[PDB]
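First comes the structure, then the notes that go with it.
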Amino acid sequence: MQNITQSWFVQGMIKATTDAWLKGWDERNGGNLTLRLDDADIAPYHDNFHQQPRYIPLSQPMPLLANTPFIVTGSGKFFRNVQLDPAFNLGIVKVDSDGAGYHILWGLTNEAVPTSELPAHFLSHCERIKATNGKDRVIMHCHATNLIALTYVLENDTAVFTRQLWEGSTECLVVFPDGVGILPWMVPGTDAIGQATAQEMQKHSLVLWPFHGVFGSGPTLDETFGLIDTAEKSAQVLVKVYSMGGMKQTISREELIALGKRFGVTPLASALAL
Amino acid sequence: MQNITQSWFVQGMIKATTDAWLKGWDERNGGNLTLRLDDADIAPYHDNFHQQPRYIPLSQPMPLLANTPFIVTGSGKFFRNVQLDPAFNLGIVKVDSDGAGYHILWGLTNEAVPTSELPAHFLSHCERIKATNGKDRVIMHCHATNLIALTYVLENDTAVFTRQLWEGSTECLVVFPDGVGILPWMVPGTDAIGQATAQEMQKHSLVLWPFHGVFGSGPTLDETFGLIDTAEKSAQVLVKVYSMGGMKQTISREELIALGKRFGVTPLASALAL
Amino acid sequence: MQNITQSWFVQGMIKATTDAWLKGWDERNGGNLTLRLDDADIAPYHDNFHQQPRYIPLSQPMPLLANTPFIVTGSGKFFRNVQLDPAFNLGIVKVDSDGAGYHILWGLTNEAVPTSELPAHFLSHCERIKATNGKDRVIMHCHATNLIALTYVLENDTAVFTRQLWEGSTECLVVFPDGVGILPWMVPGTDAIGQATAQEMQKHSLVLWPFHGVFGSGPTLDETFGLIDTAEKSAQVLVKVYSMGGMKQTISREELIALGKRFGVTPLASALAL
Amino acid sequence: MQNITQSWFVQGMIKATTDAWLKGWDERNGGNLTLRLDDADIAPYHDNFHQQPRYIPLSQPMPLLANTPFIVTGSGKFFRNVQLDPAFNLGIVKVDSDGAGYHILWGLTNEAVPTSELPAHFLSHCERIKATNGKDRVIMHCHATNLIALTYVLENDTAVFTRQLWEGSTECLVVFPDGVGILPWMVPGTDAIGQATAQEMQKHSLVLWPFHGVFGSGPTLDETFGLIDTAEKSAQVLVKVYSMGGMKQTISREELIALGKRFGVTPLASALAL
Amino acid sequence: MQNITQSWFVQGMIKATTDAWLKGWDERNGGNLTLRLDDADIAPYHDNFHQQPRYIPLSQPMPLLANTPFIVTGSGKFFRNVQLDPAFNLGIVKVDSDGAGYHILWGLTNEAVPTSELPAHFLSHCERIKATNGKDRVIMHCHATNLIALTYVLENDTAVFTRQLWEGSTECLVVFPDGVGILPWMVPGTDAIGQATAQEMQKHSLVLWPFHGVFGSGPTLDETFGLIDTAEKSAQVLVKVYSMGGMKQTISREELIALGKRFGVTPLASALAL
Amino acid sequence: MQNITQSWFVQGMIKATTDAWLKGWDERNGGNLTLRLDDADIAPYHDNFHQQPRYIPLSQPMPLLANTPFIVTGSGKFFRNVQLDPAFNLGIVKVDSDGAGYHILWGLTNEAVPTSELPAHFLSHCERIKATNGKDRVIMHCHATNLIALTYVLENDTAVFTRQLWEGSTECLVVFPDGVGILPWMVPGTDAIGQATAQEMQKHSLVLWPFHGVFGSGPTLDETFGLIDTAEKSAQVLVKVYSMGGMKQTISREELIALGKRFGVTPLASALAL
Amino acid sequence: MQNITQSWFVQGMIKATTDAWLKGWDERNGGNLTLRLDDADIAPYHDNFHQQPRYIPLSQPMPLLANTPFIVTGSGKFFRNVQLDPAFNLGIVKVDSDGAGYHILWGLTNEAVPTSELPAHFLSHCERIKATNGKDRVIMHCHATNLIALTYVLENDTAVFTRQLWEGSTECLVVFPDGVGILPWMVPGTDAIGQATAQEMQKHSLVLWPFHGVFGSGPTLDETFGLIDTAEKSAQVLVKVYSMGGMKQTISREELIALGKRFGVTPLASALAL
Ligand SMILES: [Fe+3]
Ligand SMILES: [Fe+3]
Ligand SMILES: [Fe+3]
Ligand SMILES: [Fe+3]
Ligand SMILES: [Fe+3]
Ligand SMILES: [Fe+3]
Ligand SMILES: [Fe+3]
Ligand SMILES: [Zn+2]
Ligand SMILES: [Zn+2]
Ligand SMILES: [Zn+2]
Ligand SMILES: [Zn+2]
Ligand SMILES: [Zn+2]
Ligand SMILES: [Zn+2]
Ligand SMILES: [Zn+2]
């Protein structure tokens, strides 16, 4: 059938990129988003897919992702432009039967390498699928401004950074009890940064890249966007607070402890111990 | 009749949540809003309400609210999404004849506990109704950013905080002469925080939760939103001022005194005395 | 998930009713439309359905329709109004496990008998499902104006009426080779008219009710609407032609024969023989 | 409060005039519509009404309409223009305490006689209120094209005209069982035509003015518009039928009888007897 | 200043052409409209006008139109397209100081003869200005469909044609008491047809061109459009009536007489006498 | 005529208030705007004005403003709401023949004192008219955020404040060479603050109220808004600069001198001398 | 043909100015944008261009730009207003056959000097065309806020400023490896600043004007806007960082080196050496 642009998932992709562009998080082509779909999501639209789609092999096969469809932003595409031309800026792809590569069924442009960052996403989808028994479906990278700024002034240490972020808005502890993972700065678009981020994604829905940005995960687009927005709201508040000379008072350790108990979550111990 | 979504009060709910999302005050599901309606408001739409609505008993009955209808945001709902699907994100409810519980007449989703925060709102509506001879109709919680930030650097003291806020924009004294109430940080969603906020609401239209957010009241959605926006505008200005090294000059006590006299309001004495 | 109104099938229902209102075919509450859905269509929206939906038993069970979901216009609803309030004017229903009745999962108003015409539709869906090996999914009734007018002047005879309609636009023969079924006038909303229409639906995708309107079937909303529009376009042309004193020339029998052969359809013999 | 233009009843007025303009029924300033409101409808908008409104006395007081508010089209206003400037083209009025006259609370322009046709409407509202125990609230005049045309060729006789209209679409008998009232042509805007129409309105929801137009009544705007549209749809079909040389077959008397019995209405006897 | 497209008079031009395109009256480039403006209308927009505008001399000077501005449709422009590109399809022009020619201040395209029909319009504006003491400001030509059709079957005689049109809707007599002027068919775009139409415009706001269309005048765009629409509504009704075999009854002479008296107009005697 | 809401000046009022609300400058009812119109602007709309308008006398007559019309925001109105209901939130007024008072011709609500701040505006319009030979037409008050913040940290001295603002963006000197006037804090809405601001307006298009906001003037809405936006852009940059520890380098006096010479303006000497 | 406003390049101009206005970068008339087009871009619209266009000679001819068309913002035009009236605020121009001057084919207003800044743009287009073998087509000036602020606190030295900007977001090095050029403050609109900027444009796509703004270049509007937005995003982050007391850690020299190698760019040596 027609109107694929108005499908729930193309509409959701437009919402999340547009929202992020409006937040100031995705200058130029900075940012990427992919969403894991089910065959039944795309089946009504078969009509629209190439009879002979482009195939791109993967360097490390991912059999966990076999026969799995996704919608994704193209590499080099601007979040700002997605609402204006969804088909030019998004692609629907499907991993083949042994996960040795993927076919581009719909969307995007005719270049060599329209989805350069997709191998890195796939690696992280795998870890998140194992970590959550198949609940996580989204991987989102953006350049969340205050979170970036904090990476120049806070210790680049999971425990220290998580603790400040929890302190900066009450609900953070409940939204990311497992804390934010962190990496040293690394060269973007490399195997190493892909593998290293995926390893952090084993124990974190949210990972910081210092002097660059954030990488997050969730079961739905709303939940992923809302995770990033919550930590970035904290960061925004902390930037103000530090800029005014630092905390005179804050949430105390035993207050953070009682928060986790009431909401039934177990907070990252290292961050609590501070 | 049909078009309930276009009714004055569903349209007002969409306006206030949308406005607050755009201000940056309601990340994720952070925020709640309820508005007290009259039977005549909803009577034309009876057509649309469940013949057998869900009933939720209250832990402490509220006979002052007997047979009273309200429109409300669901728990877990995102302010951002209200404009996109008013019926999914809002509910119309009605307190039964002895105020022992409430029925969900319209809207929201099918979960256990679609309106978790409504008991706390009701407690505060009661106090505001007594405090204003029935003029206040709205209770609004949001995460007003600069007000949050100030809770890490200013003394958490009604008099001190009120005085800075009055100084930060001229008209604040006239808009909230009774000052802002404050509480210690407390675990959200608990009886204690509900009761404690309601007790502050006896003498304040506006109450701060440190490291979390604000809770405000008013006769209309515009007036409530406009109360919060005014104090948050002050806070925004103060964040700048403190960040530049503090006040070199400001509104003086006897200037604040003359302001209250000209506009016919009596300002919180403790705040004036500073 | 939210945005059920923007789902492909609610959007399709709005398109088809709106289009028909604009054609002049559905004055007041004249007209009905139902579309057979699959479980996977509505599964993403489960969120929105009543935990305790209304049950309406059927007078004659239909086990062929067991566990089958549909979207439908309410009885008494105006096609014109569907675009303005989809949820008030449409309902999603699901036939129970032995086809003894149906539950209203979503939409419509709180009256006794919100879907009076649904038993008649179901009977015809059954015949169309058997007749097409499960391809037909839509049943649509509207008051197609020129087709109505022709029922006062043409012989109320399948063969005669089909032949004029084929002659009135070239492509009609290919679109409905099996011809239009016809009934004597009967009292609307009765078992008899329901059963009699369903019996015509055994051999026809399109059935005339003299002095009243048309009843049609198809695999998609577009195809059903387009079937009715094609026969009503023919009728419109014939009204003009008869009004100008009748045909001086027309499509000849052996031309209609060659048409069926080229397009690979076998035309109703009785209509060809004229 | 503000947004009176978006109130349910101003929105309904815009819908009904716009719909009628699109049907081709209201050239120039041809047509008028008034809707009886309740005090509670306009009470939220008091804010917007003149402190010293214009008063227009009535020639014959109507105490049945005492203290009753209405929304109305201005005299000389074009249906086409209502959607473009609701406030210029509509007025809200209120009949005083002994029904000796009315005040214009809102809308319309500053001329002498902005609502020339309102006395005639009021007379008919009175009869319809008595005739329906207060259910009818709308009086609508438009120049329904095919109904006008039929007044040059059919006998200007209630029984004869009603019978043709019933025959021209099946559901007409059920929608107006009491038939259409008719008057001789009379000079428009006169007491006589006002009184004479009101007298027909004692026993008819729908009244024909030969060579001019129709005058109808109903409990809601949708129901009134839908009554006129149904009879005008019949007329449209009959114009076609007569233009093709007349009925070869039609609905028979005993078929019309069975229709009234099944739907529980008693049809105008004189029309049945034909 | 900017936004000239949103000025009242460009907006009015878009409304009237668009409305006429939707009525079916202006296929292709069939139709023309010009509106006489005042200097104060265009003065705020001076900003937008060519410093060196194109000058087109007139064959017969019109000193009555000296220094007078107008907005106009270009020759060869499609009514349908005006809403899509007002500036391409409309022009603002101004007659020079002794009425020997006109300058194109704004709009239209760069061809030889962008306003071919403007001399003919000007001649008719002159007569209408003299005839109405300066009240008429619009000249509008369109191909009103039923009025065209009637020119093949009715006597091409002012009195006969006026009388049928008055009979075809009650209010026609009041809207055009002076009747419709008529001409023999003539070759379009010629001096003769221009002069002959202007001479009819001495005593008529509305003039028929047989087998072609209508030419009308009024003080405002609404009033002119509404004059044409009223006579074309009559014609539409008469086409139906004649098509059904002619009038069985109609408005009688003494009824038409009483109509003119009540509304204070003196009807064309020749038409009354029939 | 109708469509007054779409007139150039109501549209301009909506643009300027909406723009200012979006900038964050007009919380609640904070802000006021008035624009001086000409009789010819409102003359086409006479149709819409009260036959008996409300009269409000002035305490000090202003014969310079005799017979002068203005469009204005109501007191207590929210800038945010103007786009939603222009007529509720704006008023058109006209000063009587000896400038002893004004009549409200259109718009606003029915209270005592719908335009409380208009006397103060009028006083300043007078001074600006004398100061610019009748070129200035707008007076605008808003709570420009960074300009407010700077009033707590910079010396409240015309010369010092002007100099920083010139330094903070290159073009400021050219946009306001005469500098910004300043007052001590004063109680708002008083004669004294009205008179004192008007006296500053003798030599300044822009005046600061410490701890409150700004008051500016210009020949058009765009030019006034653009003056305030330019100084507030400077302030925004300075807030950043001061917050980072102050200027390391800046525009030098002799650079500011050369700027004024090149653009042909004479800069406030006191500010240059610093 | 018509619809020139909807052409790809007028639509692109509206997008880029509107986006920049929304970013807060173009107060009042601050900013300019020009885009080099090809003859084939404008050829379909020839229809719309003046038969006798205004000619403006250049002071220094530019034969490299001979016969070259451009679309441009007018001098004195507000970025904010472009979306509201593209034709008033943009112009299409074409350089004559020996590059001695240019003709204004379309758009803009009738003043002396509608494009004051175009000579300066042309000089820079020339250098960018030589520098990139004809790939660059855009020159854009705006007042990027955080970049302006940084010019008061950072050393005004290409190497130092480039290095901070690279450090402030990872991808900056890849987006502008050649670094940002800088000039001393100079008087705007002068030959000297025009020539000096063009000389920087020999080796830089991006040039800072201290205390004023930025001047950038690119092959497309998106790429140019995205270059400025990227450096301004860095600046925004640095303002925060410096405001919080400076970097505790950052991207290291050998990390910046490895970045350039991986992406295949050679970074400005002077900036690397720091
Ligand atoms: Fe970790
Ligand atoms: Fe207190
Ligand atoms: Fe058959
Ligand atoms: Fe009767
Ligand atoms: Fe004549
Ligand atoms: Fe001064
Ligand atoms: Fe350089
Ligand atoms: Zn990145
Ligand atoms: Zn909260
Ligand atoms: Zn039917
Ligand atoms: Zn009428
Ligand atoms: Zn013509
Ligand atoms: Zn103020
Ligand atoms: Zn500049």
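Residues in the structure tokens are named by chain (A, B, ... in the order shown) and by number from 1 within that chain; ligands are numbered from 1 in the order shown.
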*Tell me which protein, DNA and RNA residues are within 9 Å of residue 242 (chain G), counting only C-alpha atoms, leaving out same-chain ones fewer than 6 positions away, and put them as a list in words.*
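With the cut-off at 9 Å, the set is residues 243, 244 and 245 of chain F.
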Output of the above residues as a CSV table (one decimal), in the first residue's frame, restricted to C-alpha atoms:
chain,number,residue,atom,x,y,z
F,243,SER,CA,30.3,35.7,32.9
F,244,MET,CA,33.6,34.4,31.4
F,245,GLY,CA,35.6,37.0,33.4
*Identify all residues of region 109-250 of chain D in strand (DSSP E or B) (DSSP on the backbone) and supply them as an NGL selection string.*
:D and (138-142 or 181-182 or 206-209 or 213-218)
Would you write out those residues with C-alpha atoms, as a PDB file, in the first residue's frame?
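part_20.pdb, written as the output of this step:
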ATOM      1  CA  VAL D 138     -32.688  25.653  15.082  1.00  0.00           C
ATOM      2  CA  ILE D 139     -34.482  27.483  12.339  1.00  0.00           C
ATOM      3  CA  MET D 140     -32.739  27.434   8.943  1.00  0.00           C
ATOM      4  CA  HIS D 141     -33.777  29.034   5.618  1.00  0.00           C
ATOM      5  CA  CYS D 142     -31.812  28.287   2.445  1.00  0.00           C
ATOM      6  CA  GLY D 181     -45.722  21.948   4.540  1.00  0.00           C
ATOM      7  CA  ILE D 182     -46.277  24.328   1.603  1.00  0.00           C
ATOM      8  CA  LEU D 206     -39.937  21.501   6.874  1.00  0.00           C
ATOM      9  CA  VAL D 207     -41.845  24.106   4.844  1.00  0.00           C
ATOM     10  CA  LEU D 208     -41.616  25.000   1.146  1.00  0.00           C
ATOM     11  CA  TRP D 209     -41.751  28.512  -0.297  1.00  0.00           C
ATOM     12  CA  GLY D 213     -36.710  28.100  -1.025  1.00  0.00           C
ATOM     13  CA  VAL D 214     -37.211  26.028   2.128  1.00  0.00           C
ATOM     14  CA  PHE D 215     -37.525  26.705   5.827  1.00  0.00           C
ATOM     15  CA  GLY D 216     -36.612  23.855   8.305  1.00  0.00           C
ATOM     16  CA  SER D 217     -36.287  23.015  12.004  1.00  0.00           C
ATOM     17  CA  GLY D 218     -34.410  20.559  14.287  1.00  0.00           C
TER      18      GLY D 218
END
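In this model, the gap between CA of residue 68 (chain G) and CA of residue 91 (chain G) comes to 14.0 Å.
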*Atomic separation - CA of residue 196 (chain D) relative to CA of residue 60 (chain D), Å*: 15.0 Å
*Throw together the list of residues within 8 Å of ligand 11, counting only C-alpha atoms and all ligand atoms, and drop it here as a ChimeraX atom specification.*
/D:30-32,141-143,188,212-213 /E:170-171
Write the residues of the preceding selection, restricted to C-alpha atoms, as a PDB file, in the first residue's frame.
ATOM      1  CA  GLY D  30     -29.769  34.233   0.413  1.00  0.00           C
ATOM      2  CA  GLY D  31     -30.360  32.179   3.532  1.00  0.00           C
ATOM      3  CA  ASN D  32     -30.623  32.700   7.292  1.00  0.00           C
ATOM      4  CA  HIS D 141     -33.777  29.034   5.618  1.00  0.00           C
ATOM      5  CA  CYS D 142     -31.812  28.287   2.445  1.00  0.00           C
ATOM      6  CA  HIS D 143     -32.424  28.193  -1.309  1.00  0.00           C
ATOM      7  CA  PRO D 188     -40.652  37.807   1.530  1.00  0.00           C
ATOM      8  CA  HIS D 212     -37.914  30.723  -3.413  1.00  0.00           C
ATOM      9  CA  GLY D 213     -36.710  28.100  -1.025  1.00  0.00           C
TER      10      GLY D 213
ATOM     11  CA  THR E 170     -37.841  35.289  -5.991  1.00  0.00           C
ATOM     12  CA  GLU E 171     -35.119  37.672  -5.027  1.00  0.00           C
TER      13      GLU E 171
END
*Contact residues around residue 8 (chain E) with only C-alpha atoms at 10 Å, ignoring same-chain residues under 3 positions, as a list in words*: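 With the cut-off at 10 Å, the set is residues 4, 5, 11, 12, 13 and 41 of chain E; 1, 2, 3, 4, 6, 7, 8 and 44 of chain F.
Note that the spacing between CA of residue 61 (chain A) and CA of residue 100 (chain A) amounts to 4.4 Å.
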*Based on DSSP run over this structure's backbone, return all residues of region 79-135 of chain E in helix (DSSP H, G or I), as a PyMOL selection string.*
chain E and resi 79-81+86-89+118-131
*Please, which residues of chain B lie no more than 9 Å from chain C when the count uses only C-alpha atoms, and can they be set out as a PyMOL selection string?*
chain B and resi 1-5+46-52+81+84-85+88-89+107-111
_Using only C-alpha atoms and all ligand atoms, which residues of the polymer chains come no farther than 7 Å from ligand 2? I'd like the answer as an NGL selection string._
:B and (158 or 180-181 or 200 or 203-204)
*Using only C-alpha atoms, which residues sit within 9 Å of residue 161 (chain C) once same-chain residues fewer than 3 positions away are excluded, as a VMD selection string?*
chain C and resid 150 to 151 154 to 158 164 to 166 179 to 182 271
With N, CA, C and O atoms kept, could you save the residues just selected as an mmCIF file, in the first residue's frame?
data_model
loop_
_atom_site.group_PDB
_atom_site.id
_atom_site.type_symbol
_atom_site.label_atom_id
_atom_site.label_comp_id
_atom_site.auth_asym_id
_atom_site.auth_seq_id
_atom_site.Cartn_x
_atom_site.Cartn_y
_atom_site.Cartn_z
ATOM 1 N N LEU C 150 -31.540 5.971 -11.839
ATOM 2 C CA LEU C 150 -31.774 4.995 -12.882
ATOM 3 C C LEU C 150 -32.732 3.906 -12.423
ATOM 4 O O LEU C 150 -33.414 3.333 -13.245
ATOM 5 N N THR C 151 -32.802 3.621 -11.129
ATOM 6 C CA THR C 151 -33.732 2.556 -10.686
ATOM 7 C C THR C 151 -35.236 2.872 -10.907
ATOM 8 O O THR C 151 -36.082 1.956 -10.821
ATOM 9 N N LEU C 154 -35.030 2.305 -15.497
ATOM 10 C CA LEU C 154 -34.587 1.079 -16.159
ATOM 11 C C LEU C 154 -35.324 -0.125 -15.579
ATOM 12 O O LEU C 154 -35.766 -0.090 -14.430
ATOM 13 N N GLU C 155 -35.454 -1.176 -16.383
ATOM 14 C CA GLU C 155 -36.011 -2.454 -15.918
ATOM 15 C C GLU C 155 -35.218 -2.972 -14.745
ATOM 16 O O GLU C 155 -33.998 -3.024 -14.818
ATOM 17 N N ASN C 156 -35.895 -3.359 -13.664
ATOM 18 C CA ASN C 156 -35.114 -3.820 -12.496
ATOM 19 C C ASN C 156 -34.735 -5.300 -12.632
ATOM 20 O O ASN C 156 -35.316 -6.225 -12.038
ATOM 21 N N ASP C 157 -33.752 -5.479 -13.500
ATOM 22 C CA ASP C 157 -33.347 -6.765 -14.003
ATOM 23 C C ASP C 157 -31.838 -6.740 -14.166
ATOM 24 O O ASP C 157 -31.260 -5.902 -14.903
ATOM 25 N N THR C 158 -31.193 -7.659 -13.481
ATOM 26 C CA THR C 158 -29.748 -7.725 -13.493
ATOM 27 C C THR C 158 -29.183 -7.553 -14.903
ATOM 28 O O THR C 158 -28.276 -6.756 -15.107
ATOM 29 N N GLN C 164 -26.736 -1.787 -19.657
ATOM 30 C CA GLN C 164 -26.678 -0.333 -19.793
ATOM 31 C C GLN C 164 -25.443 0.228 -19.138
ATOM 32 O O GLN C 164 -24.786 1.114 -19.719
ATOM 33 N N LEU C 165 -25.122 -0.248 -17.921
ATOM 34 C CA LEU C 165 -23.957 0.242 -17.189
ATOM 35 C C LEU C 165 -22.663 -0.073 -17.935
ATOM 36 O O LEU C 165 -21.781 0.798 -18.080
ATOM 37 N N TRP C 166 -22.514 -1.301 -18.420
ATOM 38 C CA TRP C 166 -21.350 -1.572 -19.285
ATOM 39 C C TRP C 166 -21.244 -0.607 -20.483
ATOM 40 O O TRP C 166 -20.165 -0.186 -20.848
ATOM 41 N N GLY C 179 -21.296 -8.372 -13.372
ATOM 42 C CA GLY C 179 -22.516 -7.535 -13.386
ATOM 43 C C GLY C 179 -22.986 -7.016 -12.037
ATOM 44 O O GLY C 179 -22.386 -7.310 -11.019
ATOM 45 N N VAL C 180 -24.078 -6.247 -12.018
ATOM 46 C CA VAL C 180 -24.603 -5.740 -10.759
ATOM 47 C C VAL C 180 -25.785 -6.580 -10.411
ATOM 48 O O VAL C 180 -26.599 -6.860 -11.302
ATOM 49 N N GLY C 181 -25.845 -7.062 -9.167
ATOM 50 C CA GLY C 181 -27.034 -7.742 -8.681
ATOM 51 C C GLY C 181 -28.103 -6.736 -8.299
ATOM 52 O O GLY C 181 -27.795 -5.583 -8.051
ATOM 53 N N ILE C 182 -29.373 -7.156 -8.305
ATOM 54 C CA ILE C 182 -30.486 -6.253 -8.005
ATOM 55 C C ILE C 182 -31.457 -6.973 -7.124
ATOM 56 O O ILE C 182 -31.546 -8.186 -7.158
ATOM 57 N N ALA C 271 -26.301 -10.716 -19.710
ATOM 58 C CA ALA C 271 -26.204 -9.276 -20.073
ATOM 59 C C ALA C 271 -25.649 -9.139 -21.454
ATOM 60 O O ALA C 271 -25.982 -8.215 -22.169
#
*Can you tell me, as a PyMOL selection string, what residues are no more than 9 Å from residue 15 (chain C) when counting only C-alpha atoms, ignoring any on the same chain fewer than 4 positions away?*
chain C and resi 10-11+19-20+83+221
Take the residues from that selection and put them in a file with N, CA, C and O atoms, as a PDB file, in the first residue's frame.
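The result, written out as selection.pdb:
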ATOM      1  N   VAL C  10      -7.531   3.847  10.284  1.00  0.00           N
ATOM      2  CA  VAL C  10      -8.398   5.023  10.626  1.00  0.00           C
ATOM      3  C   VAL C  10      -8.228   6.108   9.535  1.00  0.00           C
ATOM      4  O   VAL C  10      -9.192   6.705   9.070  1.00  0.00           O
ATOM      5  N   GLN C  11      -7.015   6.380   9.114  1.00  0.00           N
ATOM      6  CA  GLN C  11      -6.857   7.359   8.008  1.00  0.00           C
ATOM      7  C   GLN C  11      -7.621   6.979   6.711  1.00  0.00           C
ATOM      8  O   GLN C  11      -8.213   7.855   6.020  1.00  0.00           O
ATOM      9  N   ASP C  19     -14.556  11.310   1.052  1.00  0.00           N
ATOM     10  CA  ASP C  19     -14.706  11.303  -0.410  1.00  0.00           C
ATOM     11  C   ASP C  19     -16.164  11.098  -0.841  1.00  0.00           C
ATOM     12  O   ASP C  19     -16.670  11.791  -1.731  1.00  0.00           O
ATOM     13  N   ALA C  20     -16.876  10.181  -0.162  1.00  0.00           N
ATOM     14  CA  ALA C  20     -18.207   9.858  -0.516  1.00  0.00           C
ATOM     15  C   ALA C  20     -19.120  11.059  -0.150  1.00  0.00           C
ATOM     16  O   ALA C  20     -20.022  11.406  -0.927  1.00  0.00           O
ATOM     17  N   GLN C  83     -14.246  13.057   9.463  1.00  0.00           N
ATOM     18  CA  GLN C  83     -12.940  13.729   9.441  1.00  0.00           C
ATOM     19  C   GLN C  83     -12.737  14.640  10.614  1.00  0.00           C
ATOM     20  O   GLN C  83     -11.594  14.988  10.947  1.00  0.00           O
ATOM     21  N   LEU C 221     -10.117  -0.411   0.508  1.00  0.00           N
ATOM     22  CA  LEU C 221     -11.039   0.722   0.507  1.00  0.00           C
ATOM     23  C   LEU C 221     -11.017   1.410  -0.861  1.00  0.00           C
ATOM     24  O   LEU C 221     -12.047   1.580  -1.431  1.00  0.00           O
TER      25      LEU C 221
END
_residue 266 (chain E) environment, 8 Å, only C-alpha atoms, sequence neighbours closer than 4 positions dropped, as a PyMOL selection string_ = chain E and resi 177-178+260-261
Save out the residues we just selected, N, CA and C atoms, as a CSV table (one decimal), in the first residue's frame.
chain,number,residue,atom,x,y,z
E,177,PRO,N,-33.4,44.9,-10.6
E,177,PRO,CA,-34.7,45.4,-11.0
E,177,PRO,C,-34.6,46.0,-12.5
E,178,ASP,N,-33.4,46.5,-12.8
E,178,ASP,CA,-33.3,47.1,-14.1
E,178,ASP,C,-33.1,46.1,-15.2
E,260,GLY,N,-41.7,44.4,-6.2
E,260,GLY,CA,-41.0,45.6,-6.4
E,260,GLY,C,-41.4,46.8,-5.5
E,261,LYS,N,-42.7,46.9,-5.3
E,261,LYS,CA,-43.2,47.9,-4.4
E,261,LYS,C,-42.8,47.7,-2.9
Set the distance at 9 Å and use only C-alpha atoms: which residues neighbour region 117-122 of chain A once local chain neighbours fewer than 5 positions away are removed? I'd like the list as a compact mmCIF listing (two decimals) with C-alpha atoms, in the first residue's frame.
# COMPACT_ATOMS: atom_id res chain seq x y z
CA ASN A 32 22.43 9.24 14.01
CA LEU A 33 19.25 7.22 14.86
CA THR A 34 18.22 3.68 14.15
CA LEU A 58 29.22 -6.61 7.17
CA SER A 59 32.85 -7.10 8.42
CA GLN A 60 31.69 -9.05 11.44
CA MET A 62 25.67 -10.61 13.41
CA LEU A 65 20.12 -9.69 13.87
CA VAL A 72 17.64 4.52 9.98
CA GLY A 74 21.52 8.11 6.31
CA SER A 75 25.11 9.06 6.88
CA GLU A 127 24.42 -5.93 23.33
CA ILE A 139 20.09 3.40 19.29
CA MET A 140 20.45 7.20 19.19
CA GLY A 189 33.81 6.09 13.01
CA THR A 190 36.49 3.51 13.94
CA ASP A 191 36.07 -0.15 14.89
CA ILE A 193 35.02 3.26 19.23
CA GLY A 194 32.23 0.99 17.89
CA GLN A 195 33.42 -1.99 19.96
CA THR A 197 30.75 1.75 22.99
CA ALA A 198 29.04 -1.63 22.56
